[PDB]
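Worksheet: one structure, shown below.
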Amino acid sequence: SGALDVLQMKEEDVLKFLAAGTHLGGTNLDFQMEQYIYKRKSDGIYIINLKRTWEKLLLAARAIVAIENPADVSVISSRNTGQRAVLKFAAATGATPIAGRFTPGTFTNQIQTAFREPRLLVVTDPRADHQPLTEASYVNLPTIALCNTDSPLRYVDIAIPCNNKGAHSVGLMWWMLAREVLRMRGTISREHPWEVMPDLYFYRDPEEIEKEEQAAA
Amino acid sequence: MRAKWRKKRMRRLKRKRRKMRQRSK
Amino acid sequence: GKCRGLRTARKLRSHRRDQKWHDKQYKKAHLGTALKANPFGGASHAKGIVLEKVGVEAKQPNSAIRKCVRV
Amino acid sequence: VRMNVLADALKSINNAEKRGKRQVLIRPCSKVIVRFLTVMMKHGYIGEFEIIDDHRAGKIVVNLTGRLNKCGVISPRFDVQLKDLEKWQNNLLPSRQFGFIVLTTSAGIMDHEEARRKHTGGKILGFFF
Amino acid sequence: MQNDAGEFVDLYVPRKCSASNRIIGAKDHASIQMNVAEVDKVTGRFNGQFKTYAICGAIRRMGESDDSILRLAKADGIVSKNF
Amino acid sequence: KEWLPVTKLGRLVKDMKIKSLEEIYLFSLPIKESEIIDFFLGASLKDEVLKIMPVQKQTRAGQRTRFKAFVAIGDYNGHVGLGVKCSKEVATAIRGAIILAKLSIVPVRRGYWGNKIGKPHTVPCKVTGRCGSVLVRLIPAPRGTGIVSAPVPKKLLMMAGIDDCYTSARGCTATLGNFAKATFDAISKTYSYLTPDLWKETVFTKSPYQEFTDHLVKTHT
Amino acid sequence: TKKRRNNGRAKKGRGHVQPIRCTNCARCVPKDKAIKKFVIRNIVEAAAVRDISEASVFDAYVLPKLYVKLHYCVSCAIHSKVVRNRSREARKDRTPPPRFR
Amino acid sequence: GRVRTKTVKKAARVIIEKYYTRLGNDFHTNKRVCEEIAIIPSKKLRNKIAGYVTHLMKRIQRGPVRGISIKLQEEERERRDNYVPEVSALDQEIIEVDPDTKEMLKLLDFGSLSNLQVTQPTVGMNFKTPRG
RNA sequence: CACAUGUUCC
RNA sequence: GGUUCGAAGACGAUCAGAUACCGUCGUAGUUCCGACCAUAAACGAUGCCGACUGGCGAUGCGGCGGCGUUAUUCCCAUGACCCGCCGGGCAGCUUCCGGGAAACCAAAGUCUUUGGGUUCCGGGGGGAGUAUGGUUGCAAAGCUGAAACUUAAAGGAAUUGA
Ligand SMILES: [Zn+2]
């Protein structure tokens, strides 16, 4: 990831970041997110640096690969946008998916049937999933978070600066991570592109599911 | 007894001692 | 202490001298009025003359009659 | 106003050490502070410092390591004999294995071990461990 | 910790924080044990060893836990030095 | 009778795979099983009850009274623990405090006073701990001095392995719950204070859960 | 103990403010301490607004409103239920109640 | 009050998720279906559970239910989750790019490309909500 | 518009 | 000089009684000038000077820079807005900095790891801010200020019932 031309920025990933609006930040700015931002455009939107996003995206990809057991990587999404992206990421990689309503006590209460013991916590949104960060303190848990400019850094341990508000920019970043964790371990060759198309990971609104069906009919 | 009126009672009592001591001199 | 000057010994000693008079034990042991009001006058024991025997009623809940002597 | 200069420098870098800053800036530069910083550096308590000598009282940037617990100052500078120098370090230093009391002597400014070697007393400056 | 005759005497040596250089306590349940995978230069694949770090729980609650790993990551060459 | 593990940290304890409880403290992993302590130090460990505190609350039909227990625990070499449990009945609270006391045992640091001959006996430096208004300080002491302290923290220093130490207590020490916890914090900070001997770069060994990540999946969940 | 950080008033740097009387009673209340209500209301609300309209000589005449700046004391406003007591965490909220009707 | 208690409700939840093909719509049939497949100690609870089942029936053909596990409705949701359209939502030949973000790519390596169209920035900063 | 007051122990 | 209000007082209600709360009057006073008086819950219940220790959005003044909308109109520059930066000015929000018995505190932190400087002030509760002495004041009263004796609690924060 450090000045290695195999892992530097790809042109195919540039057009994907811009079309999904991942470089578009929030209106406000958290003082820890002053190092991931190029400059604030007119209309008061900060611009997230995509190359530095890609560099932080690679460092978090080193985390899951270093975890020898793929099962105990807890991936949690609470907002309605992110359950569809995190479920197939856990299916493709081998991680543990949690889709909505994070029960308080899954990492602290032994009697619970959902008592999990991960080595890694991957968070779709720090504000939407602050509760998983609370039990990430009581148990020694390195934490990955998909942070926005507005997202605080309470008990996150590595952050990938992205747009976690837009639906297209949410599932694309997981489609980033689905490729890369399988690219250091041997599943995917880097010469040919990975065959799964990124609309599979994107959130489908119930209106959009209803919108789609008559064009198929 | 409020603390305000016991101070007022003291001043009425202190003034009474002022007149009583003054007539003897 | 509040003041920490290199030549504030007379300020520190005067403060400790004055604030000692506000202590109940120091003022009792260093005033003539406390020794004047003491019938013993610093004596551990003393001899007196019995003139009558007085019965003293007791205090709150524990109630009895205590036998005393006017010495 | 600013009565003591070393007291403000030592507490400024103690506040940074509690927060764990990598380096800290102190606003005045004095000969005593420069001598004070050289005492701690030979023992490896801090990272390497540098001064910015402008045409005023200069500014000192001191790189910090994580080896500092507390660097205090004793005011006023009480004179210390050789007889009660053990008494000073008994109630000020944490232990006899480590902890350094630095105090100015006629031979210069040095910690309490080197003052024992040269058999010279003087006025106390501060404590650090 | 040493004795006079040259033998280690403590029953264990505690860890140290990678960023703040403080020793991590035994009841610091918010401690981090990072594991950073290396990449082979030519094939771009996982090697097999670790580049592990250790951060105390105070840094996480103060919000520099991502920055602390990031600063060592430039120094250990994981992050591109231009960034 | 037989122990079945619940937390996956305790699974390696039953597989004869965790060599000591030191590397448990090395990685600051939480202990939530009282019998993990019983596997390593189940023989030399002893228990001693500090106080039975009959607290109560005012209800409409009288006062609801329950008994609060204070048990300090730990073998006389390297480890000491404290546990507080407030149950309905005295023996249940005493039994329930022992379980919580084993979960809260901490390693001690023993230092020398001046000269460094023999075995470490006293506190290596001046550490202190406090809760509420009770503040307790620990002072290094020469050999053969004994524990100069109040009787209740004296039992804790017997059970921590420290034979010589000078103490000083500031605050309302009649409250034994705060008086015992304030001392127990002070011993617990011995491995929280940085020592000039400890200035070397700590070599990182493999994580205990990492080293047997294949052993913890081939036989159970 | 201290109930309110601002002591139930907006006085922060003044130290002294002019008092104002109340609407129900004549209680002397400081201006920043008084519960101030400004009510925008018509002279007639539901029934009399209708029949006067056809009885008005001038067709399509808008009825003028009435503007009264109310000044209540602590005892008067609570007894008249202008404001009510809240929990210790609910006290710190100072946003107005939602306005839809 | 004809409010169903937790014992009646929880007994009716397990029946639906296990006997979807056996259950009907009208009250009297699934009353007798649940008679054989459930050990209900009294006739009163047998009518109450089957009656609450019938009220849950009207929720089933009108859409999904929160607290239920139906093998047929999850199959509808499973293929909808695995839907793949014929092109991606990322493949547009038209990408509108802010000029301030055009300075971003030019200082990077990937500055000038084929299908990047720079727009015109809005003049006059007006983005904050009015105070109050 | 008024609702003033009711010794001590668990 | 006294409009209004209004200690005292008068009268009418209420009540067992009102010498109170309610209502009608109403002296002193409340209004202006010249002199005393120096006491307030005179509060941020938080002495004054100096340094350090997170951010966040506001607001007052002054200064600096900048697309742009809008007036003199004939635009530069000045006004009114918008976007930032600087110094302190009153504040607010926020969090495991840290502290405190807690309430809570950017100070009430940088304290048993105790020392930047300098004043005032407290030693369980009453007696008592009392007596006496001194001093000021036309007076009211202001400042300083006990002891004899009595007492095992008084008190502060917080929890649960009533
Ligand atoms: Zn009023």
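Ligands are numbered from 1 in the order shown, residues from 1 within each chain, and chains are lettered A, B, ... in the order they appear in the structure tokens.
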Note to self: Among region 13-101 of chain G, which ones does DSSP assign to alpha helix (DSSP H) (computed from the backbone)? Answer as a VMD selection string.
What the structure shows: chain G and resid 48 to 55 74 to 79 88 to 91
Notebook entry, point to check: Would you name the residues within 12 Å of ligand 1, counting only C-alpha atoms (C1' of nucleotides) and all ligand atoms, and put them as an MDAnalysis selection string?
Noted result: chainID G and resid 20:30 33:36 70:80 82
Output for the residues just chosen: N, CA and C atoms as an mmCIF file, in the first residue's frame:
data_model
loop_
_atom_site.group_PDB
_atom_site.id
_atom_site.type_symbol
_atom_site.label_atom_id
_atom_site.label_comp_id
_atom_site.auth_asym_id
_atom_site.auth_seq_id
_atom_site.Cartn_x
_atom_site.Cartn_y
_atom_site.Cartn_z
ATOM 1 N N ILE G 20 -40.505 44.458 36.223
ATOM 2 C CA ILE G 20 -41.784 44.671 35.554
ATOM 3 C C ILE G 20 -42.872 44.009 36.385
ATOM 4 N N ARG G 21 -44.089 44.539 36.298
ATOM 5 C CA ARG G 21 -45.205 43.974 37.040
ATOM 6 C C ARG G 21 -45.787 42.777 36.287
ATOM 7 N N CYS G 22 -46.768 42.131 36.906
ATOM 8 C CA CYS G 22 -47.406 40.947 36.354
ATOM 9 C C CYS G 22 -48.786 41.295 35.812
ATOM 10 N N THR G 23 -49.393 40.320 35.136
ATOM 11 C CA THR G 23 -50.711 40.518 34.546
ATOM 12 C C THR G 23 -51.838 40.196 35.519
ATOM 13 N N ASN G 24 -51.765 39.052 36.201
ATOM 14 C CA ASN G 24 -52.783 38.716 37.191
ATOM 15 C C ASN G 24 -52.590 39.531 38.464
ATOM 16 N N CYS G 25 -51.428 39.396 39.097
ATOM 17 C CA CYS G 25 -51.090 40.165 40.285
ATOM 18 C C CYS G 25 -50.224 41.361 39.890
ATOM 19 N N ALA G 26 -49.714 42.085 40.883
ATOM 20 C CA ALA G 26 -48.802 43.203 40.668
ATOM 21 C C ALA G 26 -47.402 42.870 41.174
ATOM 22 N N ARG G 27 -47.002 41.610 41.022
ATOM 23 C CA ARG G 27 -45.711 41.153 41.519
ATOM 24 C C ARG G 27 -44.573 41.782 40.722
ATOM 25 N N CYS G 28 -43.566 42.279 41.437
ATOM 26 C CA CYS G 28 -42.401 42.905 40.820
ATOM 27 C C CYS G 28 -41.408 41.814 40.436
ATOM 28 N N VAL G 29 -41.325 41.521 39.148
ATOM 29 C CA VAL G 29 -40.482 40.452 38.618
ATOM 30 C C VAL G 29 -39.446 41.085 37.699
ATOM 31 N N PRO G 30 -38.181 40.662 37.755
ATOM 32 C CA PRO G 30 -37.195 41.154 36.784
ATOM 33 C C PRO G 30 -37.580 40.784 35.358
ATOM 34 N N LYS G 33 -36.273 37.530 34.150
ATOM 35 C CA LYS G 33 -36.787 36.418 34.937
ATOM 36 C C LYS G 33 -38.246 36.113 34.625
ATOM 37 N N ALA G 34 -38.988 37.087 34.107
ATOM 38 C CA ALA G 34 -40.410 36.905 33.852
ATOM 39 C C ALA G 34 -40.644 35.987 32.660
ATOM 40 N N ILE G 35 -41.690 35.169 32.755
ATOM 41 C CA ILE G 35 -42.130 34.345 31.635
ATOM 42 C C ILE G 35 -42.923 35.248 30.696
ATOM 43 N N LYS G 36 -42.370 35.513 29.516
ATOM 44 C CA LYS G 36 -42.939 36.470 28.575
ATOM 45 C C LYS G 36 -43.664 35.716 27.471
ATOM 46 N N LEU G 70 -47.742 39.386 27.140
ATOM 47 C CA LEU G 70 -48.064 38.953 28.490
ATOM 48 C C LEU G 70 -46.794 38.805 29.319
ATOM 49 N N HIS G 71 -46.897 39.165 30.597
ATOM 50 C CA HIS G 71 -45.772 39.092 31.526
ATOM 51 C C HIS G 71 -46.256 38.409 32.796
ATOM 52 N N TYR G 72 -45.917 37.135 32.954
ATOM 53 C CA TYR G 72 -46.350 36.348 34.097
ATOM 54 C C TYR G 72 -45.199 36.160 35.075
ATOM 55 N N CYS G 73 -45.548 35.962 36.341
ATOM 56 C CA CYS G 73 -44.569 35.631 37.365
ATOM 57 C C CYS G 73 -44.418 34.109 37.419
ATOM 58 N N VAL G 74 -43.563 33.606 38.304
ATOM 59 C CA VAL G 74 -43.368 32.166 38.438
ATOM 60 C C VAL G 74 -44.602 31.494 39.026
ATOM 61 N N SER G 75 -45.188 32.098 40.062
ATOM 62 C CA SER G 75 -46.398 31.540 40.657
ATOM 63 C C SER G 75 -47.591 31.670 39.718
ATOM 64 N N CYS G 76 -47.682 32.788 38.993
ATOM 65 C CA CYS G 76 -48.849 33.037 38.152
ATOM 66 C C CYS G 76 -48.854 32.138 36.920
ATOM 67 N N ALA G 77 -47.699 31.993 36.264
ATOM 68 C CA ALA G 77 -47.634 31.199 35.040
ATOM 69 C C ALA G 77 -47.883 29.722 35.315
ATOM 70 N N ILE G 78 -47.330 29.202 36.413
ATOM 71 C CA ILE G 78 -47.495 27.788 36.731
ATOM 72 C C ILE G 78 -48.932 27.496 37.151
ATOM 73 N N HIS G 79 -49.534 28.390 37.940
ATOM 74 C CA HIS G 79 -50.925 28.205 38.344
ATOM 75 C C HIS G 79 -51.865 28.307 37.148
ATOM 76 N N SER G 80 -51.551 29.186 36.199
ATOM 77 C CA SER G 80 -52.304 29.301 34.958
ATOM 78 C C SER G 80 -51.801 28.345 33.883
ATOM 79 N N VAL G 82 -49.098 28.131 32.161
ATOM 80 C CA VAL G 82 -48.268 28.609 31.059
ATOM 81 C C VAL G 82 -47.006 27.762 30.950
#
Distance table requested - chain E against chain J, cut-off 12 Å, only C-alpha atoms (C1' of nucleotides): one row per qualifying residue with the closest atom pair and its distance in Å to one decimal, ordered by chain and rising residue number, as CSV.
residue,atom,partner,partner_atom,distance
E:57,CA,J:96,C1',10.9
E:58,CA,J:96,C1',8.8
E:59,CA,J:97,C1',11.2
E:60,CA,J:96,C1',11.1
E:61,CA,J:96,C1',7.5
E:62,CA,J:97,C1',8.5
E:63,CA,J:54,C1',10.2
E:64,CA,J:54,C1',11.6
Check: What residues in chain D lie within 8 Å of chain C, counting only C-alpha atoms, written as a PyMOL selection string?
Finding: chain D and resi 75-76+78
Next item on the list: Can you pull out every residue within 12 Å of residue 171 (chain F), counting only C-alpha atoms (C1' of nucleotides), but drop anything in the same chain fewer than 2 positions away, and send it as a PyMOL selection string?
Entry: (chain F and resi 130-137+168-169+173-176+178-179+182) or (chain J and resi 101+112)
Notebook entry, point to check: If you count only C-alpha atoms (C1' of nucleotides), which residues fall within 12 Å of residue 3 (chain I), apart from same-chain ones fewer than 2 positions away, as a ChimeraX atom specification?
Noted result: /I:1,5 /J:15
Margin query: Give me, as an MDAnalysis selection string, all polymer residues having an atom no more than 8 Å from residue 27 (chain E), counting only C-alpha atoms (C1' of nucleotides) and skipping those fewer than 2 positions away in the same chain.
Written below: (chainID E and resid 25 29) or (chainID F and resid 25 28:30)
Item checked: Spatial neighbours of region 21-26 of chain C, max dist 12 Å, only C-alpha atoms (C1' of nucleotides), sep filter under 6 positions, as a PyMOL selection string -> (chain C and resi 14-15+34) or (chain J and resi 121-124)
Note to self: If the cut-off is 12 Å, can you tell me the residues of chain B near chain J, counting only C-alpha atoms (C1' of nucleotides)? I'd like them as number ranges by chain.
What the structure shows: B: 7, 10-15, 17-18
